[PDB]
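Chemist: File entry.txt below, compact mmCIF, C-alpha atoms:
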```txt
# COMPACT_ATOMS: atom_id res chain seq x y z
CA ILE A 2 94.97 133.62 164.34
CA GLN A 3 97.87 135.84 163.34
CA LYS A 4 101.39 134.59 164.08
CA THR A 5 104.41 136.78 164.78
CA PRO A 6 107.24 136.11 162.33
CA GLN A 7 110.53 134.76 163.59
CA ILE A 8 113.50 136.48 161.96
CA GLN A 9 117.10 135.47 161.27
CA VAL A 10 119.44 137.79 159.35
CA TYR A 11 122.85 136.49 158.66
CA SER A 12 125.80 136.30 156.31
CA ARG A 13 126.16 133.42 153.89
CA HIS A 14 129.92 133.57 154.62
CA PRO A 15 131.93 135.49 157.14
CA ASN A 18 135.24 143.43 155.28
CA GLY A 19 135.74 143.27 151.53
CA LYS A 20 134.24 139.77 151.15
CA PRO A 21 131.64 140.06 148.32
CA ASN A 22 128.81 138.36 150.19
CA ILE A 23 125.04 137.96 149.98
CA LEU A 24 122.85 138.73 153.00
CA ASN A 25 119.88 136.49 153.80
CA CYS A 26 116.74 137.39 155.75
CA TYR A 27 114.98 134.22 156.88
CA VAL A 28 111.44 134.73 158.17
CA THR A 29 109.40 131.83 159.57
CA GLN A 30 106.29 130.89 161.53
CA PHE A 31 104.08 133.71 160.29
CA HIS A 32 100.44 134.03 159.20
CA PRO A 33 98.76 135.62 157.10
CA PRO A 34 101.26 135.34 154.25
CA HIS A 35 101.26 139.03 153.33
CA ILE A 36 104.53 140.40 154.67
CA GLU A 37 106.86 143.29 153.81
CA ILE A 38 110.64 142.86 153.96
CA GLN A 39 113.49 145.27 153.18
CA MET A 40 117.04 146.21 154.25
CA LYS A 49 117.77 146.25 145.49
CA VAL A 50 116.66 143.16 147.43
CA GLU A 51 115.68 139.88 145.75
CA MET A 52 112.82 137.94 147.36
CA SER A 53 112.63 134.18 147.24
CA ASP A 54 109.26 132.59 146.56
CA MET A 55 107.05 131.89 149.54
CA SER A 56 106.27 128.45 150.99
CA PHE A 57 104.63 127.11 154.14
CA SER A 58 105.10 124.19 156.48
CA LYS A 59 102.98 121.44 157.93
CA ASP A 60 101.89 123.61 160.86
CA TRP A 61 100.35 125.85 158.11
CA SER A 62 102.77 128.71 158.92
CA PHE A 63 104.54 130.59 156.14
CA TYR A 64 108.25 131.29 155.53
CA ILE A 65 110.50 133.07 153.00
CA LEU A 66 114.07 134.15 152.32
CA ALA A 67 115.15 137.66 151.32
CA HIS A 68 118.63 137.99 149.85
CA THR A 69 120.66 140.79 148.31
CA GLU A 70 124.36 141.12 147.58
CA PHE A 71 126.59 143.36 149.68
CA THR A 72 130.13 143.81 150.97
CA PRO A 73 130.64 145.04 154.55
CA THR A 74 133.16 146.85 156.79
CA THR A 76 131.48 150.47 161.30
CA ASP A 77 128.51 150.87 158.93
CA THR A 78 125.30 149.25 160.22
CA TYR A 79 122.96 146.76 158.51
CA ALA A 80 119.53 145.30 159.37
CA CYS A 81 116.14 144.21 158.02
CA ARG A 82 112.72 145.63 158.85
CA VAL A 83 109.71 143.33 158.72
CA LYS A 84 106.21 144.76 158.55
CA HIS A 85 103.41 142.28 159.23
CA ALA A 86 99.90 142.55 160.66
CA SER A 87 100.77 140.44 163.72
CA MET A 88 102.95 143.29 164.96
CA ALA A 89 101.64 146.77 165.65
CA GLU A 90 105.02 148.16 164.64
CA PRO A 91 107.62 146.86 162.15
CA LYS A 92 110.37 144.66 163.60
CA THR A 93 113.98 145.59 162.89
CA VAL A 94 116.77 143.09 163.46
CA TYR A 95 120.44 144.03 163.29
CA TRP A 96 123.27 141.90 161.87
CA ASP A 97 126.00 140.18 163.95
CA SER B 1 101.16 115.45 139.21
CA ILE B 2 98.71 117.10 141.61
CA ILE B 3 95.10 115.93 141.81
CA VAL B 4 92.26 118.08 140.46
CA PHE B 5 90.43 119.42 143.50
CA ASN B 6 86.68 119.39 144.30
CA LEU B 7 84.75 122.16 146.03
CA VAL B 8 84.40 122.44 149.82
CA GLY C 1 114.18 104.42 152.38
CA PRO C 2 110.74 106.01 152.25
CA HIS C 3 109.88 108.72 149.75
CA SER C 4 107.17 111.29 149.43
CA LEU C 5 105.42 113.38 146.82
CA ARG C 6 103.48 116.25 148.35
CA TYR C 7 101.82 119.37 146.98
CA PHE C 8 101.37 122.51 149.09
CA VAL C 9 98.59 124.71 147.72
CA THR C 10 97.80 128.28 148.71
CA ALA C 11 94.88 130.51 147.73
CA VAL C 12 94.72 133.95 149.36
CA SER C 13 91.98 136.46 148.59
CA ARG C 14 92.79 140.14 148.05
CA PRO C 15 89.46 141.98 148.26
CA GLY C 16 89.56 144.95 145.91
CA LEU C 17 93.12 144.18 144.80
CA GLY C 18 91.84 141.75 142.17
CA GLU C 19 91.55 137.99 141.91
CA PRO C 20 92.86 135.84 144.79
CA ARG C 21 96.45 134.69 144.51
CA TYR C 22 96.92 130.99 143.86
CA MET C 23 99.93 128.75 144.01
CA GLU C 24 100.91 125.09 143.95
CA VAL C 25 104.35 123.93 145.05
CA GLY C 26 105.56 120.35 144.68
CA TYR C 27 107.97 118.45 146.91
CA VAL C 28 109.80 115.18 146.39
CA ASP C 29 111.33 114.02 149.68
CA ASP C 30 110.66 117.59 150.95
CA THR C 31 112.63 119.26 148.12
CA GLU C 32 110.82 121.72 145.86
CA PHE C 33 110.74 120.44 142.27
CA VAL C 34 107.77 122.21 140.60
CA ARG C 35 106.02 125.50 141.26
CA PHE C 36 102.93 127.30 139.96
CA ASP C 37 102.16 130.88 140.94
CA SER C 38 99.35 133.02 139.58
CA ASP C 39 101.39 136.20 140.15
CA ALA C 40 104.06 135.61 137.47
CA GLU C 41 104.33 137.06 133.95
CA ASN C 42 102.53 134.14 132.32
CA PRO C 43 101.59 131.80 135.19
CA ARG C 44 103.16 128.48 134.22
CA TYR C 45 104.10 125.31 135.98
CA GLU C 46 107.85 125.54 136.27
CA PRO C 47 110.58 123.04 137.04
CA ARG C 48 112.38 123.87 140.29
CA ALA C 49 115.19 121.33 139.95
CA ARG C 50 117.44 120.84 136.94
CA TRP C 51 116.33 117.20 136.68
CA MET C 52 112.68 118.22 136.05
CA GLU C 53 113.76 119.72 132.71
CA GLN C 54 113.81 116.16 131.33
CA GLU C 55 110.03 116.41 130.95
CA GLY C 56 108.80 117.47 127.55
CA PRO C 57 106.31 120.14 126.54
CA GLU C 58 103.25 117.92 127.06
CA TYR C 59 103.90 117.63 130.80
CA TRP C 60 104.14 121.35 131.51
CA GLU C 61 101.18 121.98 129.24
CA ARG C 62 98.98 119.49 131.14
CA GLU C 63 100.06 120.64 134.61
CA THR C 64 99.64 124.30 133.67
CA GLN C 65 96.08 123.66 132.43
CA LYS C 66 95.25 121.51 135.47
CA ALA C 67 96.54 124.30 137.75
CA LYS C 68 94.33 126.94 136.14
CA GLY C 69 91.34 124.69 136.86
CA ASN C 70 92.33 124.22 140.50
CA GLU C 71 92.89 128.00 140.74
CA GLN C 72 89.38 128.80 139.51
CA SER C 73 88.07 126.15 141.88
CA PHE C 74 89.82 127.64 144.92
CA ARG C 75 88.39 131.09 144.09
CA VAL C 76 85.00 129.54 144.76
CA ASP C 77 86.07 127.80 147.96
CA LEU C 78 87.06 131.18 149.37
CA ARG C 79 83.60 132.62 148.75
CA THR C 80 82.05 129.40 150.06
CA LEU C 81 84.03 129.41 153.28
CA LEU C 82 83.23 133.05 154.04
CA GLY C 83 79.55 132.09 153.79
CA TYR C 84 79.88 128.97 155.96
CA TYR C 85 81.57 130.95 158.73
CA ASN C 86 79.22 133.89 158.03
CA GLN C 87 82.19 136.29 158.00
CA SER C 88 82.46 139.85 156.70
CA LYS C 89 83.19 140.09 152.96
CA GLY C 90 86.00 142.65 153.39
CA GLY C 91 89.01 140.82 154.76
CA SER C 92 91.72 138.69 153.20
CA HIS C 93 91.49 134.95 153.92
CA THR C 94 93.58 131.90 153.14
CA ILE C 95 93.08 128.33 152.10
CA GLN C 96 95.92 125.86 152.31
CA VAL C 97 96.09 122.24 151.23
CA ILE C 98 98.60 119.47 151.73
CA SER C 99 98.11 116.63 149.26
CA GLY C 100 100.28 113.67 148.41
CA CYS C 101 101.65 110.36 149.53
CA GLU C 102 104.47 108.59 151.31
CA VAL C 103 105.61 105.21 150.00
CA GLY C 104 107.78 102.58 151.62
CA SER C 105 110.71 100.88 149.95
CA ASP C 106 108.47 98.53 147.98
CA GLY C 107 106.96 101.60 146.30
CA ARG C 108 103.55 101.03 147.87
CA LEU C 109 101.57 103.63 149.77
CA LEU C 110 102.36 104.08 153.46
CA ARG C 111 100.41 107.28 154.15
CA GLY C 112 98.17 109.51 152.07
CA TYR C 113 97.41 113.16 152.89
CA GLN C 114 94.45 115.40 151.97
CA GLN C 115 94.66 118.26 154.44
CA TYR C 116 92.69 121.50 154.21
CA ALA C 117 93.20 124.51 156.44
CA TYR C 118 91.17 127.70 156.50
CA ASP C 119 92.87 130.89 157.81
CA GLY C 120 95.85 128.99 159.16
CA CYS C 121 93.74 126.40 161.05
CA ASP C 122 92.73 122.78 160.43
CA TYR C 123 89.53 122.65 158.38
CA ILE C 124 88.99 119.09 157.09
CA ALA C 125 91.44 116.24 156.61
CA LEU C 126 91.29 112.75 155.13
CA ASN C 127 91.85 110.16 157.83
CA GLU C 128 94.50 107.46 157.58
CA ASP C 129 91.91 104.85 156.58
CA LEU C 130 91.51 106.79 153.28
CA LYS C 131 87.74 106.25 153.74
CA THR C 132 86.58 108.86 156.30
CA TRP C 133 87.09 112.53 157.11
CA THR C 134 87.82 114.62 160.22
CA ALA C 135 86.05 117.98 160.27
CA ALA C 136 87.46 120.60 162.62
CA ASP C 137 84.23 122.48 163.35
CA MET C 138 80.64 122.64 162.18
CA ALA C 139 81.42 124.62 159.02
CA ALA C 140 83.71 121.80 157.94
CA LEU C 141 80.86 119.35 158.51
CA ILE C 142 78.92 120.72 155.54
CA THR C 143 81.96 119.82 153.44
CA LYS C 144 82.26 116.39 155.07
CA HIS C 145 78.62 115.52 154.42
CA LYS C 146 78.94 116.73 150.83
CA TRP C 147 82.18 114.78 150.25
CA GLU C 148 80.70 111.60 151.72
CA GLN C 149 77.83 111.98 149.24
CA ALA C 150 80.22 112.57 146.34
CA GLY C 151 82.41 109.57 147.13
CA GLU C 152 85.37 111.92 147.54
CA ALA C 153 87.27 109.56 149.83
CA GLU C 154 87.14 106.79 147.20
CA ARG C 155 88.29 109.25 144.55
CA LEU C 156 91.23 110.29 146.77
CA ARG C 157 92.16 106.71 147.70
CA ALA C 158 92.43 105.78 144.03
CA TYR C 159 94.55 108.87 143.36
CA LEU C 160 96.88 108.32 146.31
CA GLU C 161 97.29 104.55 145.79
CA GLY C 162 97.65 104.81 142.00
CA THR C 163 98.29 108.13 140.23
CA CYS C 164 100.29 109.67 143.08
CA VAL C 165 102.78 106.88 143.81
CA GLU C 166 103.19 106.26 140.08
CA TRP C 167 104.19 109.87 139.50
CA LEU C 168 106.51 109.70 142.54
CA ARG C 169 108.27 106.68 141.02
CA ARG C 170 108.50 108.62 137.75
CA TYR C 171 110.03 111.59 139.59
CA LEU C 172 112.40 109.43 141.65
CA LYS C 173 113.99 107.86 138.56
CA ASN C 174 115.05 111.25 137.25
CA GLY C 175 115.97 112.96 140.49
CA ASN C 176 117.51 110.21 142.61
CA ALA C 177 121.09 111.05 141.62
CA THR C 178 120.43 114.61 142.81
CA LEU C 179 118.17 114.01 145.82
CA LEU C 180 120.61 111.59 147.48
CA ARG C 181 123.36 114.21 147.17
CA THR C 182 124.84 114.74 150.62
CA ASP C 183 127.08 117.64 151.68
CA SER C 184 128.97 117.24 154.97
CA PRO C 185 129.20 120.24 157.33
CA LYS C 186 132.19 122.49 157.80
CA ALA C 187 132.78 123.08 161.48
CA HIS C 188 134.66 125.69 163.46
CA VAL C 189 134.46 127.24 166.92
CA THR C 190 134.44 130.98 167.53
CA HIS C 191 135.24 132.85 170.70
CA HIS C 192 133.67 136.04 172.06
CA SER C 193 134.79 137.47 175.41
CA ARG C 194 132.06 139.04 177.55
CA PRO C 195 131.77 140.75 180.93
CA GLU C 196 132.42 139.49 183.35
CA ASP C 197 135.05 136.74 183.26
CA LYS C 198 132.96 134.44 181.07
CA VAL C 199 132.99 133.82 177.32
CA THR C 200 130.64 132.68 174.55
CA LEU C 201 131.82 129.62 172.65
CA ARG C 202 129.81 129.32 169.43
CA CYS C 203 130.00 126.11 167.39
CA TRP C 204 129.27 126.54 163.69
CA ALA C 205 128.20 124.03 161.04
CA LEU C 206 128.16 125.36 157.48
CA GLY C 207 127.42 124.23 153.95
CA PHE C 208 125.73 120.99 154.96
CA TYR C 209 122.95 119.09 153.21
CA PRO C 210 120.38 117.82 154.04
CA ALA C 211 119.39 120.28 156.80
CA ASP C 212 119.02 117.40 159.26
CA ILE C 213 121.80 118.29 161.75
CA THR C 214 122.46 117.88 165.47
CA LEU C 215 124.92 120.04 167.47
CA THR C 216 125.98 119.54 171.10
CA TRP C 217 128.30 121.16 173.62
CA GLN C 218 129.86 119.03 176.35
CA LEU C 219 131.90 119.32 179.57
CA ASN C 220 133.98 116.18 180.21
CA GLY C 221 131.49 113.83 178.59
CA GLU C 222 128.04 115.24 179.44
CA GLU C 223 125.55 116.87 177.09
CA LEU C 224 125.01 120.34 178.49
CA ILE C 225 121.24 119.97 178.09
CA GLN C 226 120.77 123.74 178.57
CA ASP C 227 121.34 126.29 178.76
CA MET C 228 123.15 126.87 175.64
CA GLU C 229 121.81 128.91 172.74
CA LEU C 230 120.58 127.08 169.66
CA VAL C 231 119.66 128.59 166.30
CA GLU C 232 116.96 127.23 164.03
CA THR C 233 118.69 125.55 161.12
CA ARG C 234 118.63 128.09 158.29
CA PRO C 235 119.29 128.08 154.55
CA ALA C 236 122.45 129.75 153.37
CA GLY C 237 120.57 130.41 150.15
CA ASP C 238 122.44 128.07 147.81
CA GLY C 239 121.23 124.55 148.58
CA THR C 240 123.20 124.26 151.84
CA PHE C 241 122.08 125.01 155.39
CA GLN C 242 123.67 126.58 158.49
CA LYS C 243 123.32 126.16 162.24
CA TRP C 244 125.18 127.07 165.40
CA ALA C 245 124.97 126.14 169.07
CA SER C 246 126.69 128.37 171.64
CA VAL C 247 127.47 127.87 175.33
CA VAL C 248 128.71 130.28 178.02
CA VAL C 249 131.76 129.14 179.97
CA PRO C 250 133.97 130.52 182.77
CA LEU C 251 137.09 132.41 181.74
CA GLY C 252 140.16 130.23 181.30
CA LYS C 253 138.18 126.97 181.23
CA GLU C 254 137.52 126.83 177.47
CA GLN C 255 139.54 123.71 176.66
CA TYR C 256 137.45 121.49 178.95
CA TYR C 257 134.52 121.97 176.50
CA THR C 258 133.96 120.12 173.24
CA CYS C 259 131.42 120.65 170.48
CA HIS C 260 129.91 117.68 168.67
CA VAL C 261 128.46 117.70 165.15
CA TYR C 262 126.16 114.89 163.96
CA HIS C 263 125.15 114.72 160.28
CA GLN C 264 124.61 111.90 157.79
CA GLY C 265 127.42 113.27 155.63
CA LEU C 266 130.04 112.56 158.30
CA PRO C 267 131.52 109.04 158.57
CA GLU C 268 132.44 109.95 162.17
CA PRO C 269 130.76 112.78 164.12
CA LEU C 270 132.93 115.86 164.58
CA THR C 271 134.51 116.81 167.89
CA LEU C 272 135.83 120.36 168.05
CA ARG C 273 137.52 122.15 170.91
CA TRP C 274 138.60 125.76 171.34
```
Output the file's structure as structure tokens, nothing else.

Modeler:
Amino acid sequence: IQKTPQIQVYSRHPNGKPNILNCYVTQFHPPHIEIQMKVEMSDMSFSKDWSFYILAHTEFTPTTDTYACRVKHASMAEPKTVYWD
Amino acid sequence: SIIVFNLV
Amino acid sequence: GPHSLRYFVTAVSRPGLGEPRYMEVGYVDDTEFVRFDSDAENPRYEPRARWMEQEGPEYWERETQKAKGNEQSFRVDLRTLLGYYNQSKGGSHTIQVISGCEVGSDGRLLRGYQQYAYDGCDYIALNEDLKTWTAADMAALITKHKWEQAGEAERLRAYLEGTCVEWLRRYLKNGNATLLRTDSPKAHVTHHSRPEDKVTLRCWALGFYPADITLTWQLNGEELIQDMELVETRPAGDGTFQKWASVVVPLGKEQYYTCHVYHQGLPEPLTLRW
């Protein structure tokens, strides 16, 4: 009755490029969810299968330094961390 | 324009 | 083509953290155009597309007031449902609703929707006849029997055949020039060598709209129906969407493979080749 969120973190464009980074989280329930990498949070929606989804974006500009997003959610015992690529 | 809802 | 006007409602209770959170979100042809959210500064109905700003102050004032009534009403449904299911009064619970219509090209109703879910699962829905209900369990049957006695189906049928499609036609006239906007994808193939002696071709489609897209990889005229990694179409976060399909190929044999991009923006589908 709880649904594990699917995660996609990804650049809006492809080292110096002033880009925004999006965290796209789908297929989860209940809707309470915690997302972080300042980070702006889009407004939540849901889809005809009743499952929720959101987008988390914040500006950045990359280079060997690492980047990811951690998603806390009651479906998972431990937060899920997903690294860029 | 959304409908006004009744009670379940 | 067909068009739809559909409202996606959410009420989620926060025991101890105050009143339940309530929201209504409106879609025209599956594009968000209005939004209400109890958790804003002054909860107001807001336009979510530039072309909704053509409505005057009366509209927002009526929809804001209507939403506050629905909100108060869904706070009671949450208490009612907990009692029907005889659940503990400590946890958070959710109600969701899908409500609206789909109309054919003549502007007449094709389908109406009145779908309730409790805690992520089907609760009661209005059947296609617009006269009768499907309850998902015995709790939902109390609602069914009550709504049969109230004439709720008749009240919904009138709304979905009259009010709803009339508002959709109103919304279409203002938004059509924006909702038929089509952005064709921007395709390129990337290359990523891996151990051992095989390589990942990844076919990208970027900045396209609507999100309806199909991507294929092929060897000498055959759809490599797996396996071949596919990514759920995703928003770029600016009105456009992204998607890639990748396939693993032997070293040196890249040129025998072609990627194919199918999207309504493209006169001719794209063929790309490393």

Chemist: Tell me which protein, DNA and RNA residues are within 6 Å of residue 5 in chain C, counting only C-alpha atoms, leaving out same-chain ones fewer than 2 positions away, and put them as a ChimeraX atom specification.

Modeler: /C:27-28,100-101,168

Chemist: Which residues, written as a ChimeraX atom specification, have at least one atom at most 9 Å from residue 97 in chain A, with all atoms listed in the file counted and residues fewer than 2 positions away on the same chain left out?

Modeler: /A:10-12,95

Chemist: Output the contact residues of chain A with respect to chain C at a cut-off of 8 Å, based on only C-alpha atoms, as a list in words.

Modeler: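 Using only C-alpha atoms, chain A residues at most 8 Å from chain C: residues 2, 12, 13, 25, 27, 32, 33, 56, 57, 59, 61, 62, 66 and 68 of chain A.
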
Chemist: So that I can see what lies close to residue 6 in chain B, please list as a PyMOL selection string the residues with an atom at most 10 Å from it, counting all atoms listed in the file and leaving out residues fewer than 5 positions away in the same chain.

Modeler: chain C and resi 70+73-74+77+147+150+152

Chemist: When you look at residue 43 in chain C with a cut-off of 12 Å (counting all atoms listed in the file), what residues show up, excluding the ones that are within fewer than 3 positions of it in the same chain? I need them as a list in words.

Modeler: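 Contacts, in chain order: residues 21, 22, 23, 24, 35, 36, 37, 38, 39, 40, 46, 60, 61, 63, 64, 65, 67, 68 and 71 of chain C.
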
Chemist: Generate the coordinates of N, CA, C and O atoms for chain B; report them as an mmCIF file, in the coordinates of the input.

Modeler:
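Result file part.cif:
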```cif
data_model
loop_
_atom_site.group_PDB
_atom_site.id
_atom_site.type_symbol
_atom_site.label_atom_id
_atom_site.label_comp_id
_atom_site.auth_asym_id
_atom_site.auth_seq_id
_atom_site.Cartn_x
_atom_site.Cartn_y
_atom_site.Cartn_z
ATOM 1 N N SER B 1 102.384 114.928 139.793
ATOM 2 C CA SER B 1 101.160 115.450 139.210
ATOM 3 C C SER B 1 100.112 115.608 140.309
ATOM 4 O O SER B 1 99.701 114.639 140.928
ATOM 5 N N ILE B 2 99.694 116.841 140.564
ATOM 6 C CA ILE B 2 98.710 117.100 141.610
ATOM 7 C C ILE B 2 97.304 116.691 141.141
ATOM 8 O O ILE B 2 96.967 116.750 139.959
ATOM 9 N N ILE B 3 96.474 116.281 142.091
ATOM 10 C CA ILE B 3 95.100 115.930 141.810
ATOM 11 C C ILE B 3 94.303 117.182 141.466
ATOM 12 O O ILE B 3 94.617 118.283 141.954
ATOM 13 N N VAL B 4 93.265 117.028 140.618
ATOM 14 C CA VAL B 4 92.260 118.080 140.460
ATOM 15 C C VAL B 4 91.422 118.106 141.718
ATOM 16 O O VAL B 4 91.052 117.054 142.249
ATOM 17 N N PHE B 5 91.127 119.300 142.220
ATOM 18 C CA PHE B 5 90.430 119.420 143.500
ATOM 19 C C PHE B 5 88.939 119.628 143.258
ATOM 20 O O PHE B 5 88.548 120.226 142.257
ATOM 21 N N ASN B 6 88.118 119.143 144.204
ATOM 22 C CA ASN B 6 86.680 119.390 144.300
ATOM 23 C C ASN B 6 86.408 120.634 145.147
ATOM 24 O O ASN B 6 87.304 121.210 145.746
ATOM 25 N N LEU B 7 85.138 121.017 145.230
ATOM 26 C CA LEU B 7 84.750 122.160 146.030
ATOM 27 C C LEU B 7 84.387 121.761 147.463
ATOM 28 O O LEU B 7 83.706 120.751 147.684
ATOM 29 N N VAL B 8 84.853 122.565 148.437
ATOM 30 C CA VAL B 8 84.400 122.440 149.820
ATOM 31 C C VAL B 8 82.929 122.896 149.871
ATOM 32 O O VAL B 8 82.171 122.564 150.791
#
```
